[PDB]
Structures are given as C-alpha cells and as structure tokens.
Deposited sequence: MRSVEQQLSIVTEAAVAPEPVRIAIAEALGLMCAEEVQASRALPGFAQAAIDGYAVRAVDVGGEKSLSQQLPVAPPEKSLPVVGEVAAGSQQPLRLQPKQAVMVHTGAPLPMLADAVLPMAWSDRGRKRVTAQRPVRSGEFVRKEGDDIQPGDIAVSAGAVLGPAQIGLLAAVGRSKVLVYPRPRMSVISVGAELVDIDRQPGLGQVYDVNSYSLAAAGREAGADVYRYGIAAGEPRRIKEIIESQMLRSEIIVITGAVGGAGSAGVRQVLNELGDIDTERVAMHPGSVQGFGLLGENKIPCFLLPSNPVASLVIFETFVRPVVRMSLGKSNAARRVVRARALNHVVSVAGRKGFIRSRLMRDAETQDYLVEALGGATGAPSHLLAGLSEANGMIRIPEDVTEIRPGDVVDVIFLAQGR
C-alpha cells in the first residue's frame, strides 16, 4: 500500500507531453503557442487614408510653410484595385481606409478644403505624413506577433490573421482514450438482462476528461477474448498520451485483461491508502511508456480516483502551472466517518454561510454519490470521525 502522495508522484512523473502540432488558427483557441510568431506582412499592408479627404503632396498644400487650386484626378474607395500615381500639383479624393495613391505623402481633410469635385483648394495646410496610416504603422515584418508560451485568446487569433498566418504551432491537449472492460457490460441502448449492467464509467470518465482539459476519445466497451482486448488497447496506444480503463482491477474476473496489459507494459496494482478508491492500478504501455490508469467498476470510486490522479496528469500535460485544486477550510455540517490509516475523499457540497461568510461543507447509494458535488472533504489518514462544527479541508471542485 502506498500513500496518496507517493501515488501522485508516480503518475505525474510519468506524464507524456503531447508533441506540438501546426493547426488552423481558429482551432488554436485556448491553447499555448509553441513557436515565436513573427509578422511576415505589414499591418496595414499599404499606406491608407486615415480620414475622408484628398491625397496630396504636402508641399503642394502648404506643408512646408512652417520651415492655388489643384485638379482632382481620381477617387479611391476602400478595396480599390486600381493603381494610381499622383503627379506633382494633383489631388485624389480618398475615403477612410482607401489605398493611398503612389507618390502622395499626406491627406488634406475634407473639412480643410473647399470640397471641390474637379478642382480642390486647400483652406489649411497639412504636413508630410499627416492623416496617413502608413504601411506597417501598426505591425512591421519581423515584429513578434505572438510569443512562445502565450495562451492563444481571441486577440491573438486576430493578430495571427492580421499578419497572414493561417496556421500556428501549439501545444495540443493531451489525448485520452477511455475504455470499459467487463463481460457484464452493455451499452445504454440495450436492455440489461440478468448479470448485465450499463457501461456507466466510459461516459462519466470521458466527461471528466473533457472537463479536465484533455482531448478525449470514448472507446466504450472493449469485449472479447484477451487477444481481442489486446488489439483494442494497442489501437488506443497509437493515438493517446493517457489511457483510462475501468474493470481491470477488482479480482479474478479481470485476470485476462491484466495479463494482456502485462504483455503491453509495466503494470503496477499496489493499493493506495485512500477511500473510496483504494483498489486501483497504473501502468506504462508501449515503447513510449504511455500512462494507463486502471480504475474499478464502482462509478463513485472511479470519479474520485480520476479527480485525484488523472486530472493532475492532464493539467501538467497542458502546460498549466497550477496542477492541483484550491483547498479551503470549512465547517462540517454533518457527521462523517473515515478509515483509520487511509486518506478520505468525501464528495460534498461546499457553501458560504450568508450570516457569517464562513465556508460550510455537507457530506453527501449511487444516486447520492453521483449527485451535485462541488467539493471533496479531505480527511487525514489517522482521522476516523468528523463531527458537526469541525473545521476540515475541502477540495474545491471548480
């Protein structure tokens, strides 16, 4: 029997970091960038009018007096695809965002002119560069758009699109395969007969894997002789950083599946000094030693084991810096018993007392265990009783 601390050390030390992948930028939302992204295109990609007015050479509208009419030879709107070159002493009507004519260096505001349609007279001077959004004003080639290690949010995705990057290298979510094993199991579209039970765990643990941040594939029930089970597990090893199997621990009924797991890797089935969920296992499969969690058939115990050991492996594989959960001290509302020598993890309801802002916790047979829990009372190994009014550690299930 190992402690919770020793088991957590084993599984976390074995965690496999997924290899970076290059993906379309929209699919990178919430993922950590795995490369430094430099802009290859300027933003804006061309000099633009910053206001409605007339693209000119500043010197032709008094732009160098601080050191009369001009022909209007074109009109440019946003999206214009035709090249336009400004000759000396010429003006081109421009709308905000329009591509500036070549050889212009300023925009005379509409309000600073007589608004002439064929010939325009400047009523006030503009200096060179004024009211122009120059090419590369916001971003130049070589500028760092996204740094390695940054989480890609909506603004970063917008930045990638603004510099013409359609794909980006990211650290992907760890891939998890969830498998249920047992001759008693039937899927939820079937009618269980004598000796048959619905496959609860593949659905609940796949959901817990998604909430933890993994890229989860629910295989469901793996049925057949051990060689067929081995075939199934091997196929999941090709596509997984984490494998979770229920029904592989418990007794003689899983001797065959454990035999096949021993042919695929190093399997450890030493118990953990915890409750519920003392009976569990952990293996490293294949040449890359992929973590394989062996969980029991009990759905409540499996969820507790998943939260205690699988979720931290998911979080570190994601590049997260807080692996564990927040732990708060709360006042017990009801009586709880615990095994002497085993750490207790009691699914509970954590609340704030309106009259004192103090945290209160209520401990919550399958219906009660699978009910609405936002906390787990963490009972030390040597503690055997919790009474109302006792202050206890509560793991907050955010």
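Taking the first deposited residue as 1, the stretches without any C-alpha atom are 68-77, 375-382, 417-419.
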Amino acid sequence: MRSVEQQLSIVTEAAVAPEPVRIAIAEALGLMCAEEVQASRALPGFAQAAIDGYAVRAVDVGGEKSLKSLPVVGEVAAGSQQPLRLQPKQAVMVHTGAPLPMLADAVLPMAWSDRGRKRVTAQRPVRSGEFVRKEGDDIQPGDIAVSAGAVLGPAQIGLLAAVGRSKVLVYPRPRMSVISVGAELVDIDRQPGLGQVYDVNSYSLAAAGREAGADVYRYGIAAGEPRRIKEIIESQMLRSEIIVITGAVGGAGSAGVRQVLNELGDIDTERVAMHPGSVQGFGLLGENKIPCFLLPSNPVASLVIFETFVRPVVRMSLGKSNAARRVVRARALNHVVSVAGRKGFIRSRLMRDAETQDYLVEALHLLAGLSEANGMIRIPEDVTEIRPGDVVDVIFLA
From here on, numbers count along this sequence of modelled residues.
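When 206-214 is weighed against 253-261, 253-261 comes out higher, by mean CA B-factor as recorded in the entry.
In this crystal structure, the stretch out of 223-231 and 279-287 whose C-alpha atoms carry the higher mean B factor is 223-231.
Note on the listed residues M351, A55, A28, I346: the highest Cα temperature factor in the record is that of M351. The PDB entry assigns its highest CA temperature factor, among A162, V328, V168, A104, to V328. Annotation for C33: C-alpha temperature factor in the lowest third relative to the rest of the modelled chain, per the entry. In the PDB entry, a CA B factor belonging to the middle third of its chain's modelled residues is recorded for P18. Ranked by Cα temperature factor within the chain, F293 sits in the lowest third according to the deposited record.
Split the chain's modelled residues into thirds by C-alpha temperature factor. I242 is in the lowest one. Per the deposited record, the Cα B-factor of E184 falls in the middle third when ranked against the other modelled residues of its chain.
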